[PDB]
Amino acid sequence: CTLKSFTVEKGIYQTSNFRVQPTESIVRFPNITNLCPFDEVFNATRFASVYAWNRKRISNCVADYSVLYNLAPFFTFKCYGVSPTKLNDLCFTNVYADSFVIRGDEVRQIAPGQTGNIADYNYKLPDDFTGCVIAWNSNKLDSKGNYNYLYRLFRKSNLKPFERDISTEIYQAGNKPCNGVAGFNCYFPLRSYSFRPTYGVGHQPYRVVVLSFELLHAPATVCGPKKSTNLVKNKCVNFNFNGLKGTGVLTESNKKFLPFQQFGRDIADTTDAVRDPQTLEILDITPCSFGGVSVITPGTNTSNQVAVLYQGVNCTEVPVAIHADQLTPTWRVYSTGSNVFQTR
Amino acid sequence: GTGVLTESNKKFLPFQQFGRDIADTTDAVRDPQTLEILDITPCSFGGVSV
Amino acid sequence: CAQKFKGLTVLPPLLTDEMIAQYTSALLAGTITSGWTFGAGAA
Amino acid sequence: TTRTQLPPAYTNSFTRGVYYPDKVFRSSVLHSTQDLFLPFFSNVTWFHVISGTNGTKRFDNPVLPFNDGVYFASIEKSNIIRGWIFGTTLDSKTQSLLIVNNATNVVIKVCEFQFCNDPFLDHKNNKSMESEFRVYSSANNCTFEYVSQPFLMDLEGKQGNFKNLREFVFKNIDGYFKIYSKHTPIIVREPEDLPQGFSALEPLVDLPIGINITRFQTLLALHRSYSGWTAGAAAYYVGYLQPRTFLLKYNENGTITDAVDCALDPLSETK
Amino acid sequence: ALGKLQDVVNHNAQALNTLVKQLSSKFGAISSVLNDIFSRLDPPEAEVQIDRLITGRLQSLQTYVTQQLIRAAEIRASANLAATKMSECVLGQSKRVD
Amino acid sequence: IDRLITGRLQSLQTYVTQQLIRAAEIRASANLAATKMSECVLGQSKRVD
Amino acid sequence: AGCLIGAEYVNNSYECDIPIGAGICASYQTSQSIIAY
Amino acid sequence: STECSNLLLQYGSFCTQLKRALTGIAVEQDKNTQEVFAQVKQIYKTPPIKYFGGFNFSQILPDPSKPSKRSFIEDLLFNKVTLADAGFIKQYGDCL
Amino acid sequence: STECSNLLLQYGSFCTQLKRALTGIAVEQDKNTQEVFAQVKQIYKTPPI
Ligand SMILES: *[C@@H]1O[C@H](CO)[C@@H](O[C@@H]2O[C@H](CO)[C@@H](O[C@@H]3O[C@H](CO)[C@@H](O)[C@H](O)[C@@H]3O)[C@H](O)[C@H]2NC(C)=O)[C@H](O)[C@H]1NC(C)=O
Ligand SMILES: *[C@@H]1O[C@H](CO)[C@@H](O[C@@H]2O[C@H](CO)[C@@H](O[C@@H]3O[C@H](CO)[C@@H](O)[C@H](O)[C@@H]3O)[C@H](O)[C@H]2NC(C)=O)[C@H](O)[C@H]1NC(C)=O
Ligand SMILES: *[C@@H]1O[C@H](CO)[C@@H](O)[C@H](O)[C@H]1NC(C)=O
Ligand SMILES: *[C@@H]1O[C@H](CO)[C@@H](O)[C@H](O)[C@H]1NC(C)=O
Ligand SMILES: *[C@@H]1O[C@H](CO)[C@@H](O)[C@H](O)[C@H]1NC(C)=O
Ligand SMILES: *[C@@H]1O[C@H](CO)[C@@H](O)[C@H](O)[C@H]1NC(C)=O
């Protein structure tokens, strides 16, 4: 097949490679955590405007996304750049739901990639925002002439992200500063927020909340729990230490980590050791064996007998009787009837 | 662009505005205020050795 | 001048055009006044 | 008091101000990292906390801008300095920090406080709760609290003739506050210059607060003249930080034993 | 004086080291780790994200093969010269100067 | 700019490869010249042509 | 070749040690300093 | 990465020529040594008496006082070049 | 363009390898010249006659 011919001459050829698949899945997560209320961050008789920016802190909690669907009025949980299916068990650190209420009539502007007048003056929305868009059916409760929800339409100039408008500084466009008069070319934020029912389909402020995201910069803080399983030794398994995917053989190690040090690396800028998340034990990560296969044949014009050479692997690791979990299914190579010879 | 603006000896035609060279790069420009064109040469650059 | 710019330069040779001429003149003088004995030891 | 000004001087920092940049443990490798570090052979100011005018309190708590980092150090014989109050303008309207060492707790108190003109503490506890908390009188609103063991594990109960070499780096960036520290013994009694020797600043604690800091202030502990409020001799160093490129040489143990920058001199860039 | 033999080993080691180190390059992608880029992206763009890394790694391998062939040519030339020198100096007496 | 950088890098790599290829020919010519110098100038050669 | 800073020129002619270029070489000799010739 | 194996299949044959070139390079490397050294079809032996007209060849003739029949100068060269080599071991046993 | 350098920086080190490859040829040229021309130990001179 690999020479694409029905006749093979005398020689040695390289055909494929062999490897060992993982046999077990091991997950090791910290056993300390707290309950995570997704929509209990706010608790008041009446909500406030964007200028509030005051909320309780949510952290070190089990962020089970099934709780989001458990609530009746929760609708939006999809991330624009990341599929929610993978997000169902993804772990993040220091994620909190911001408390700010906006009209919400610009759905495309909230998502990264677009900036507008509201982004120019009220609150900047940069084209590269790590936060996602989260929304739920709560317009009727928040919405109610009525200008209690003040918004800053005009400002000095464009503002950098996190430079929110807290202290009202009205625009100055003259020799004298605006002093107590809302004269020409001088505007005040005191105007109705369009609470009238003339646009009953939707114009009232809709609670759009963006949540800050961190990607494995620190050990996982907020995410749902998973079934912890005891670690195994001397077996090619799928290890899930600290929420990091991997596959290899776990064994005891003597890598003297510092009290704060967690990971380990070598000259090949790849992981080499890991510390147990539960007990104070140090283990070195190494993948299970692999190599190449060479076929020695005298030629199809003489005989169909062949000999198989395994490169760089001892005879004990890969005998001809192992068929439990490996590549090369039909590759039995018979048995020890023909003696195995160990070469360099 | 950045370059050492200096006096130029090129004889641009009365309508001509820009200048070019063999490598297709800007070489001279028309003066907006006056009718005397100028040369553009990048200032010194090079590598070091220890 | 000579294209230049865009980070394209030419490094000068280690041996100038005069040392090569001196080497050739020395070889000619040795061949004329010694034959082939100057290539295996003393002239 | 009606104290007078003092002229700040400078001294050579030699090779100082190196901390572990990353959590990953590596050994026998020569990794190069790009981060903020104290440049080698840079000017560092060395305020001398001595008995002012033989018993007159001095204003040795300057309102030094924080900029991007500090290299606060100490060659104190005993414990005189506690307090690293930060603030945008040091008033009741600005969120401020303070690292006190009351009893055996750091007491990380993140709130707004009204600060006196000359905040100071007492090293000896008052007789019969002490009245040491005179640095502030009112606290309005509070967000975060952190109580744990004191940052300072050094003890003077053994004997004298040996001083401390406390070193600290206060780095605040992108809503995080990291603290690094290390202590080593000193042989020579001369406080003019730091001894030439490599030291590693192992991290101690991380803070998730996102406060805006534009200034740095320090506090002193003066219990009593035993006129005014005074104690023994002390000295601390203040040094700023700017981004640089460094090369670190880990050992077999996995600890940084030497480092070479890449901007000091042509030989450094060649290396 | 055995620098000629050491130069070949140094060149091969340096080429292998730079080939290994080239794996950490992002090639303009979001992340350099396959697991992270797979878990943190949707199928619509994960394909092109993986394709960019694939193209970069193929270019690196093609380059490495090219300089390996170039070095092999010079090694073969040196081996031919050494064989000629052996056959002409050891098995007989040579009248060629120098 | 990413695509522009990739194109310019490809052009630079091609130029470097061509220079490396030509260097081998120059090396072979230099070796032949050195051998001819040592065998014709410093002595008398019995090799035909 | 260019502008050289940090070396003192000498009129004595020695065997080349570090090739600067264009027939000029530099070496460390005799108190002790780097010279170009 | 099981998916990447399927994605790379869309690029045609970008692995066969690389393997063929590397195999050709290895074969040429073997052929070079065979050409340079294998020049005699007989294995001659030096006489037991080591007197050749007064010339002393003890520093280049092999000696049987070592497991490897290498001369003194050959041992010096091997010790000089052993700073870097292939590794002298390829059985994977010592690889952790 | 410093921003172009920033968007180039994530392509690893594709410049050091090219610099080394070109410096190899630059060094080899001088050796090529010296092997051919520097074949004598002394600078002989011819008599005035
Ligand atoms: C790496 O760190 C260790 C300290 O943790 C440095 O010192 C080494 O410490 C170990 C532990 O005590 C020593 O082992 C001891 O050796 C004595 C014989 O000298 C033996 O009687 C004890 O029972 C114990 O096994 C070790 O000797 C000591 N030194 C070395 C070179 O390992 C170590 O030096 C650090 N590594 C380097 C490269 O500096
Ligand atoms: C041919 O050359 C070899 C190598 O030079 C000669 O062998 C050397 O002979 C000298 C003279 O005895 C040895 O020096 C001394 O040898 C004694 C032997 O016990 C030793 O204890 C002394 O410390 C001192 O080294 C020398 O070791 C020896 N070399 C070797 C490698 O054995 C040999 O004699 C020469 N043959 C003729 C016919 O000239
Ligand atoms: C949970 O984690 C803590 C971490 O400090 C550890 O001390 C404790 O033993 C763990 N629980 C169990 C049951 O092992
Ligand atoms: C640095 O310190 C030296 C020595 O004290 C002093 O002469 C110099 O003015 C200082 N430079 C600055 C910028 O402080
Ligand atoms: C060295 O040579 C220069 C001319 O190249 C000459 O001006 C100078 O005086 C000489 N110095 C001596 C001979 O010490
Ligand atoms: C194979 O056997 C063991 C390990 O299986 C070890 O001695 C070494 O790796 C190999 N030994 C031999 C004699 O091949």
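Refer to the structure printed above.
Residues numbered from 1 in each chain as written, not as in the entry; some residues may be left out. Chains lettered and ligands numbered in written order. Part of a larger assembly, values for the part shown. Heavy atoms only, no water. Residues with missing side-chain atoms left out of burial classes, pairs and counts.

Participant: Talk me through the overall build of chain G; I want residue IDs and the actual numbers.
Facilitator: Each helix and strand in chain G was counted, giving zero helices and four strands. Ordering the α and β elements of chain G from the N terminus gives β-β-β-β. Its C-alpha atoms give chain G principal-axis dimensions of roughly 30 × 20 × 15 Å. The 37 residues of chain G split such that 22% are buried. Of the accessible surface of chain G, which amounts to about 2900 Å², a share of 51% is contributed by carbon and sulfur atoms. (Helix = DSSP H or I, 4+ residues; strand = E, 2+ residues; numbered from the N terminus. Buried < 20%, exposed > 50% of the residue type's maximum accessible area, 1.4 Å probe, protein only. Areas by Shrake-Rupley, 256 points an atom, 1.4 Å probe, with all protein chains shown as cover.)

Participant: Tell me about the state of the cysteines, residues and numbers included.
Facilitator: Residues and elements named next belong to chain A. Using the criterion set out here, one finds seven disulfides over all chains in the structure. Shown here is the disulfide that connects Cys178 with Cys186, its sulfur atoms set 2.0 Å apart. Judged by relative accessible area, which is 10%, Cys186 ranks as buried. Disulfide pairing is shown between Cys236 and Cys288; the S-S distance is 2.0 Å. Looking along the S-S bond of the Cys236-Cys288 disulfide, the torsion reads about -50°, which is the left-handed sense. Pair noted here: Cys236 is in strand β6 (residues 236-241) and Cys288 is in the loop between β9 (282-286) and β10 (290-297), with a separation of 52 residues, a long-range link. For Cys236, a relative accessible area of 9% gives the class buried. (Disulfide = S-S within 2.5 Å.)

Participant: How would you summarise the environment of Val18 of chain D if you had to cite specific residues and measurements?
Facilitator: For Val18 of chain D, the position within the fold is in the loop between β1 (10-12) and β2 (30-37). For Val18 of chain D, the residues in contact, after removing those within four places along its chain, are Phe198, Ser199, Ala200, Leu201 and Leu248 of chain D. (Contact = heavy atoms within 4.5 Å.)

Participant: If you had to explain the arrangement of the chains to someone new, which residues and values would you point to?
Facilitator: A gap remains between chain D and chain E, with no contact made and the closest C-alpha atoms lying 13 Å from each other. Kept free of each other, chain A and chain F leave a smallest C-alpha distance of 18 Å between them.

Participant: Lay out the interface of chain F and chain I in plain terms, naming residues and giving numbers.
Facilitator: Each partner contributes to the interface: chain F provides 20 residues, whereas chain I provides 15 residues. For the pair chain F and chain I, the summed buried surface comes to about 1700 Å²; carbon and sulfur atoms form 69% of the total. The largest share of the area that chain F buries against chain I comes from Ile5, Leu9 and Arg27 of chain F, three residues that together contribute 29% of it. We note a salt bridge from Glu28 of chain I to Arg27 of chain F, for which the minimum N-O separation is 3.7 Å. For the pair chain F and chain I, the number of links is four residue pairs in polar contact. (Buried area = accessible area lost by both parts, 1.4 Å probe. Salt bridge = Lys/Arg side-chain N within 4 Å of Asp/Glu carboxyl O. Polar contact = N/O pair within 3.5 Å; in protein donor to acceptor, adjacent residues only side chain to side chain.)

Participant: Break down the pattern of salt bridges for me, with residues and values.
Facilitator: Applying the stated criterion across every chain yields a total of 19 salt bridges over all chains. The closest approach of N and O atoms between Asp154 of chain D and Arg166 of chain D, which form a salt bridge, is 3.0 Å. Here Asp154 of chain D is found in the loop between β7 (136-146) and β8 (167-173), whereas its partner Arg166 of chain D is found in the loop between β7 and β8, with twelve residues between them in sequence. Judged by relative accessible area, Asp154 of chain D falls into the partly exposed class, the value being 22%. Here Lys31 of chain I makes a salt bridge to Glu35 of chain I, at a shortest N to O gap of 3.4 Å.

Participant: Explain the interface of chain I and chain E residue by residue, including any values.
Facilitator: Bring the parts together and some accessible area is lost; that lost area is often taken as the interface size. On the side of chain E, nine residues touch chain I, which itself brings eight residues to the contact. Roughly 690 Å² of surface becomes buried between chain I and chain E when both sides are summed, with 42% attributable to carbon and sulfur atoms. Of all residues in chain I, the largest losses of buried area upon contact with chain E belong to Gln10, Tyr11 and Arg20 of chain I, amounting jointly to 48% of the total for that side. On inspection of chain I and its partner chain E, the count reaches two residue pairs in polar contact. Across the side of chain I that touches chain E, the residue classes break down as two nonpolar, four polar and two charged. (Nonpolar A, V, L, I, M, F, W, Y, C, P; charged D, E, K, R; others polar.)

Participant: Which residues make up unusual backbone geometry, and what values do they have?
Facilitator: The general pattern is negative phi for most residues beyond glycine and trans for most peptide bonds. Even without being a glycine, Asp24 of chain B presents a positive backbone phi close to 60°. Inspection of the secondary structure assignment puts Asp24 of chain B in the loop between β1 (4-7) and β2 (28-29). If you check the backbone angles, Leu90 of chain D has positive phi at about 60° while not being a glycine. Residue placement: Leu90 of chain D occurs in the loop between β4 (48-49) and β5 (95-96).

Participant: Please provide a residue-by-residue account of the packing of aromatic side chains, values included.
Facilitator: All chains considered together, the criterion is met by 38 aromatic pairs over all chains. Centre to centre, the rings of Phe38 of chain C and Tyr44 of chain I are 6.1 Å apart; their planes meet at 90°, and the pair counts as edge-to-face. With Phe38 of chain C in the segment after α1 (17-34) and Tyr44 of chain I in the segment after α2 (16-37), the pair connects residues from two separate chains. Both residues of the pair, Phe38 of chain C and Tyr44 of chain I, count as buried. A centroid spacing of 6.2 Å and a plane angle of 85° characterise the contact between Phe72 of chain D and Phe216 of chain D, whose relative ring orientation is edge-to-face. For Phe72 of chain D, a relative accessible area of 1% gives the class buried. The positively charged end of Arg207 of chain A is found above the aromatic ring belonging to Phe47 of chain A, 4.4 Å away from the centroid. (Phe/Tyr/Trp six-rings, centres within 6.5 Å; stacked < 30°, edge-to-face > 60°. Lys NZ or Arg CZ within 6 Å of the ring centre and 35° of its normal.)

Participant: Outline the site of ligand 6, supporting the account with residue identities and numerical values.
Facilitator: As a structural note, the neighbourhood of ligand 6 is formed by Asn314, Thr316 and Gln342 of chain A together with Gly93 of chain H. Neighbouring residues of ligand 6 are distributed over chains A and H. Expressed as a share of its isolated accessible area of 350 Å², the protein-covered part of ligand 6 is 41%. Looking at the shell around ligand 6 residue by residue, the class counts come to no nonpolar, four polar and no charged. (Near = heavy atom within 4 Å.)

Participant: Which residues make up the sheet that holds strand β6 (residues 108-115) of chain D, and what are the values?
Facilitator: Residue and element names in this part refer to chain D. Strand order across the open sheet formed by three strands is β5-β6-β7, with antiparallel pairing between neighbours. Every interior strand has two partners, whereas the edge strands, β5 and β7, have only one. One ladder, built from seven bridges, connects β6 with β7; its direction is antiparallel. Looking at β7, one finds that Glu112 is bridged to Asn140. (Pairing = 2+ DSSP bridges.)

Participant: Kindly report on the nonpolar core, identifying the contributing residues and their values.
Facilitator: Residues and elements named next belong to chain D. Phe72, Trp84, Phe86, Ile108, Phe170, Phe177 and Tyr236 are the most contacted members of the largest nonpolar core, which has 30 residues in total. Taken together, the elements giving at least two residues each to this core come down to β6, β8, β9 (176-182) and β10 (202-207). The contact partners of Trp84, leaving out residues within four places of it in the chain, are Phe72, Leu97, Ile99, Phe168, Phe170, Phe216 and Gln217. Judged by nonpolar contacts, the second largest core, of 21 residues, contains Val169, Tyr180, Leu201 and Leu241. (Core = buried A, V, L, I, M, F, W, Y, C linked by side-chain atoms within 4.5 Å.)

The values are spatial; any link to function lies outside them.
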